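In the authors' numbering, the protein residues as written are 3 to 329.
Every residue gets a Cβ at the ideal spot worked out from N, C-alpha and C, and that includes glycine.
Note sheet for the following structure.
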Ligand SMILES: Nc1ncnc2c1ncn2[C@@H]1O[C@H](COP(=O)(O)OP(=O)(O)OP(=O)(O)O)[C@@H](O)[C@H]1O
Ligand SMILES: N#CCc1c[nH]c2ccc(Cl)cc12
């Protein structure tokens with residue numbers, strides 16, 4: 003069968019911590035008072051929750067309430083444990099409280115409010131300097147959660163909130179996050195289609211923190227090249243073909259050979275034979291202002307089929323792409 007794999011960093015974090023840290027099933031939730039919060043307006047409804055802007059009437063402060071849809075108690079206690087473990091970490095959304103919603107009879111997570119800049123506005127107006135600045139801020143959040151034995155598994159633009167006026171960034175929506183345990187087989191039905199790592203697309207379950215780095219690479223590529231999304235697959239199979247049209251098929255076959263993976267036979271008549279493309283092929287007069295040799299080198303080191311070969315968040319912070327960023 004497949005060859006096992008482990009992260010090259012933060013491998014032993016969860017074994018050295020007390021079991022209470024990662025055993026989220028055993029965690030006893032400390033319930034707050036639901037009357038402290040007055041719902042103001044529905045912000046959205048996702049697959050697993052309804053999000054509302056609300057006011058904390060005990061301090062007059064704006065909050066965001068996420069009322070979970072009844073799904074599975076295991077998924078709920080896991081998100082709570084991760085948010086509590088990560089609380090106070092750099093650029094990590096702060097969980098302010100946990101209440102029982104009187105209508106849904108389900109938990110409602112209360113978060114600090116971010117006066118966030120519109121997502122299209124961000125996509126359309128962030129400068130070269132702003133992309134480097136904010137990528138550096140995401141890297142602080144990712145290295146923190148990875149050093150804490152947690153993988154996000156849903157890195158994408160909508161999950162990265164920016165209040166551009168205050169140059170404030172927050173990594174949100176920890177509902178797909180999981181504790182990393184070496185040798186554990188994880189569910190590959192994670193991350194949004196355009197941000198899914200090749201490991202997910204080839205059904206390799208023994209993945210790790212490096213999945214977040216691929217997703218970050220997809221975000222970066224879309225920003226610097228002005229192509230939204232960068233890898234535009236019609237479904238999970240065509241998503242891998244879209245990647246192969248850029249990275250090529252030879253390195254893909256080397257990847258599956260290394261891990262003794264068998265590609266789903268549906269790929270035999272759709273994958274084709276593609277050479278790896280040079281990143282300069284995606285440069286044009288409308289994105290030249292966001293591209294540099296340092297940006298292309300950085301991207302190249304994130305977007306690699308072999309998960310073990312990608313830059314870690316801490317190595318990524320050392321990259322020349324960030325030398326211009328004020329620290
Ligand atoms: N802490 C927060 N502060 C301010 N707004 C938030 C906060 N958390 C979530 N939101 C906002 O809540 C609204 C609804 O979010 P939801 O979870 O439904 O994600 P989405 O943008 O709707 O979709 P997806 O994640 O699937 O792309 C979004 O506009 C999101 O920006
Ligand atoms: N794509 C896109 C837009 C965007 C949303 N959140 C972001 C965080 C960082 C950067 Cl560079 C860009 C974004």
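Can you tell me whether residue 195 is helix, strand or coil according to DSSP? Counted from its first residue, the chain shown places residue 195 at position 193. Here residue 195 sits in helix by DSSP.
Residue 74: buried (16+ other C-beta within 10 angstroms of its C-beta) or exposed? Position 72 of the chain shown holds residue 74. With fewer than 16 other Cβ atoms within 10 Å, it is exposed.
Locate the alpha helix (DSSP H) running through residue 1, then write down its first and last residues. The structure shown does not extend to residue 1, since the chain spans only 3 to 329, so no value can be given for it.
In chain order, what residues of the same chain have a beta carbon less than 6 angstroms from the beta carbon of residue 8, not counting five sequence neighbours either side? On the chain shown, position 6 is the one that residue 8 refers to. Correct list, in chain order: 184.
Between which residues of its own chain and residue 207 is the CB-CB distance below 7 angstroms, once the five residues before and five after are set aside? Counting from one through the chain shown, the residue named residue 207 turns up at place 205. So the qualifying residues of the chain are 187, 188, 190.
Run the CB neighbour count on residue 45, radius 10 Å, all protein chains shown included, and call it buried at 16 or more, exposed below. Taking the first residue of the chain shown as 1, we reach residue 45 at position 43. Label assigned to residue 45: exposed.
Which class does residue 265 belong to by DSSP, given the choice of helix, strand or coil? Here residue 265 corresponds to residue number 263 of the chain shown, with the count starting at 1. Residue state, collapsed to three classes: coil.
Can you tell me the Cβ-Cβ gap for residue 92 and residue 142, rounded? I've got them flagged as a contact below 8 angstroms. Mapped onto the chain shown, residue 92 falls at position 90. Mapped onto the chain shown, residue 142 falls at position 140. Going by Cβ atoms, the distance from residue 92 to residue 142 rounds to 4 angstroms, so yes, they are a contact pair.
Does the distance between the C-beta of residue 222 and the nearest non-hydrogen atom of ligand 1 fall short of 7 angstroms? As a first step, residue 222 must be located in the chain shown, where it is residue number 220. Answer for residue 222: no, Cβ out of range of ligand 1.
Give every residue of the same chain whose Cβ lies closer than 7 angstroms to the Cβ of residue 58, excluding the five residues on either side of it in the sequence, and list them in chain order. Counted from its first residue, the chain shown places residue 58 at position 56. Only residues of its own chain outside the window of five on either side were considered, and among them 38, 39, 65 have a CB closer than 7 angstroms to the CB of residue 58, listed in chain order.
Can the beta-carbon of residue 276 be found less than 8 angstroms from the beta-carbon of residue 247? Residue numbering aside, residue 276 sits at position 274 when the chain shown is read from its first letter. Residue numbering aside, residue 247 sits at position 245 when the chain shown is read from its first letter. Yes; because the gap between Cβ atoms is below 8 angstroms, this pair is in contact.
Ordered along the chain, which non-local residues of its own chain (more than five positions away) have a Cβ less than 6 angstroms from that of residue 303? As a working note, residue 303 is residue 301 in the chain shown. Apart from the 5 residues on each side of it in sequence, residue 303 sits with its Cβ closer than 6 angstroms to the Cβ of 313 in its chain, given in chain order.
Can you check the stretch 43–92 for any beta strand (DSSP E) of at least 3 residues that lies completely inside it and give the ranges in chain order? The DSSP assignment places complete beta strand (DSSP E) segments of no fewer than 3 residues inside the stretch 43–92 at 51–58, 63–70, in order along the chain.
For residue 205, I'd like the list of residues in its chain whose CB is within less than 6 angstroms of its CB, leaving aside the five on either flank, ordered along the chain. As a first step, residue 205 must be located in the chain shown, where it is residue number 203. Taken in chain order, the residues that qualify are 190.
Three-state secondary structure (DSSP) at residue 336? Lying outside 3 to 329, the shown extent of the chain, residue 336 is not represented and no answer is given.
In angstroms, rounded to a whole number, what distance separates the CA positions of residue 25 and residue 15? What you label residue 25 is simply residue 23 of the chain shown in a count that begins at 1. What you label residue 15 is simply residue 13 of the chain shown in a count that begins at 1. Answer to the nearest angstrom: the Cα atoms are 13 angstroms apart.
Taking only the alpha-carbon atoms, compute the straight-line gap between residue 68 and residue 179 and give it to the nearest angstrom. By 1-based counting over the chain shown, the position of residue 68 is 66. By 1-based counting over the chain shown, the position of residue 179 is 177. Rounded to the nearest angstrom, the two C-alpha atoms are 16 angstroms apart.
Using only alpha-carbon positions, find the residue among 90, 104, 120 that is nearest to residue 98. Within the chain shown, numbered from 1, the residue matching residue 98 stands at position 96. Ranking 90, 104, 120 by CA distance to the CA of residue 98 puts 90 first.
Between residue 175 and ligand 1, is the CB less than 7 angstroms from at least one heavy atom? In the chain shown, residue 175 corresponds to position 173, counting from 1. Yes, the beta carbon of residue 175 sits closer than 7 angstroms to at least one heavy atom of ligand 1.
Run through the stretch 211–246 for me and flag every whole alpha helix (DSSP H) of 4 or more residues, listed as ranges in chain order. Taking 4 residues as the minimum length, the alpha helix (DSSP H) runs contained wholly in the stretch 211–246 are 212–227, in order along the chain.
Does the beta-carbon of residue 200, which I'm using as the reference point, lie nearer than 7 angstroms to any heavy atom of ligand 2? Numbered from its first residue, the chain shown carries residue 200 at position 198. No; taking the cut-off as 7 angstroms, the Cβ of residue 200 has no heavy atom of ligand 2 nearer than that.
Unbroken beta strand (DSSP E) run spanning residue 164, endpoints: Stepping through the chain shown from its first residue, residue 164 is reached at position 162. First-last of the beta strand (DSSP E) with residue 164: 162–165.
Is residue 57 near ligand 1 - that is, is its Cβ less than 7 angstroms away from at least one heavy atom of it? On the chain shown, position 55 is the one that residue 57 refers to. No, Cβ of residue 57 sits at least 7 angstroms from all heavy atoms of ligand 1.
DSSP three-state assignment for residue 137, whether helix, strand or coil: Here residue 137 is taken as the residue at index 135 of the chain shown, counted from 1. Helix at residue 137.
In or out: residue 81 buried (at least 16 other Cβ within 10 Å) or exposed? Along the chain shown, read from residue 1 onward, the residue named residue 81 stands at position 79. Buried.
Spatial neighbours of residue 227 in its chain, beta-carbon cut-off 7 angstroms, leaving aside the 5 residues before and after: Position 225 of the chain shown holds residue 227. Closer than 7 angstroms at Cβ, skipping near neighbours: 284, 289.
Nearest-angstrom Cα distance between residue 327 and residue 135? Residue 327 sits at position 325 when you count from the first residue of the chain shown. Residue 135 sits at position 133 when you count from the first residue of the chain shown. Cα to Cα, the separation comes out at about 6 angstroms.
List the endpoints of the continuous alpha helix (DSSP H) containing residue 203. Here residue 203 corresponds to residue number 201 of the chain shown, with the count starting at 1. 200–203 is the span of the alpha helix (DSSP H), which, as asked, contains residue 203.
Using the C-alpha atoms, what's the distance from residue 106 back to residue 79? Taking the chain shown and counting its residues from 1, one reaches residue 79 at position 77. Taking the chain shown and counting its residues from 1, one reaches residue 106 at position 104. Spanning the two alpha carbons is a distance of roughly 17 angstroms.
On a CA-only basis, which of 245, 231, 239, 261 is nearest residue 270? Give me that one, please. Residue numbering aside, residue 270 sits at position 268 when the chain shown is read from its first letter. If we check each option's Cα against that of residue 270, 239 comes out closest.
Looking at the unbroken beta strand (DSSP E) that takes in residue 102, where does it start and where does it end? Here residue 102 corresponds to residue number 100 of the chain shown, with the count starting at 1. Residue 102: member of the beta strand (DSSP E) spanning 97–102, first to last residue.
Which partner residues does residue 153 have in the DSSP bridge list? Translated into the one-based positions of the chain shown, residue 153 becomes position 151. Residue 153 pairs with 180.
Would you tell me roughly how many angstroms separate the C-alpha atoms of residue 297 and residue 197, rounded to the nearest one? As a working mapping, residue 297 is identified with position 295 in the chain shown. As a working mapping, residue 197 is identified with position 195 in the chain shown. Answer to the nearest angstrom: the Cα atoms are 19 angstroms apart.
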